[PDB]
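In: quick one, what's the 3D model for this:
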Amino acid sequence: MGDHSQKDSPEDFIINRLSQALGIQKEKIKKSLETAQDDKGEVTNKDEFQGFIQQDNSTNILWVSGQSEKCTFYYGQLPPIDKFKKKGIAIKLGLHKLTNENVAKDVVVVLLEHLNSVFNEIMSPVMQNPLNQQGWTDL
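Out: Residues are numbered from 1 along each chain as shown. Here you go:
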């Protein structure tokens with residue numbers, strides 16, 4: 001059963017933890033804030049919608065017009081913002097096993113983005129060193 005348009009929330013509550021939490025499932029602040037109508041619809045489409053394994057949660061802390069709990073599904077994240085993306089039903093794997101493939105990456109506020117890109121490139125080189133792929137990579 002895992003979690004639906006709440007499975008991901010619960011997982012992030014435990015995983016995000018700020019070095020000491022492992023909260024598990026649902027975020028009271030997101031429910032308490034109740035923002036925003038556009039955000040509720042974007043989140044509902046992510047949850048049981050097909051077709052789309054991405055969502056961001058953006059913390060963005062202080063600065064100017066901070067994204068904070070952003071975040072959105074796709075869209076954009078601005079700047080010291082700290083958020084993350086998870087993979088659910090990565091075109092559509094929904095309505096069967098809870099997106100078992102789901103991939104999770106945390107993204108800090110801060111360059112920091114260039115360092116993250118370098119880390120991603122290193123991960124790709126490590127993958128190339130390990131397997132050959134299933135020809136999706138091919139040559």
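
In: tell me the SS of residue 84?
Out: Under DSSP: H, G, I helix; E, B strand; the rest coil, the three-state class of residue 84 is strand.

In: kindly report the same for residue 105.
Out: Under three-state DSSP, residue 105 falls in the strand class.

In: that one against residue 83, yeah?
Out: No: under the criterion of CB atoms under 8 Å, residue 105 is not in contact with residue 83, lying 10.2 Å apart. Any C-beta I mention is one placed from the backbone N, CA and C, and that applies to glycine too.

In: more crowded one of these two?
Out: Using other CB atoms under 10 Å as the criterion, residue 105 and residue 83 rank with residue 83 on top: 22 against 11.

In: give me every residue that touches the more buried one.
Out: Counting by CB atoms under 8 Å, 6 or more residues apart in numbering, residue 83 touches 56-60, 67, 70-71, 77, 107.

In: ok, the residue most central in space within the chain - contacts?
Out: For the chain, the residue nearest the mean C-alpha position is residue 85 (1.5 Å; CA atoms, centre = their mean). Residue 85 sits next to 54-57, 104-105, 107 when contact means CB under 8 Å, 6+ apart.

In: who wins on neighbours among the residues you listed?
Out: Going by other CB under 10 Å, residue 57 tops the contacts of residue 85 with 26 neighbours.
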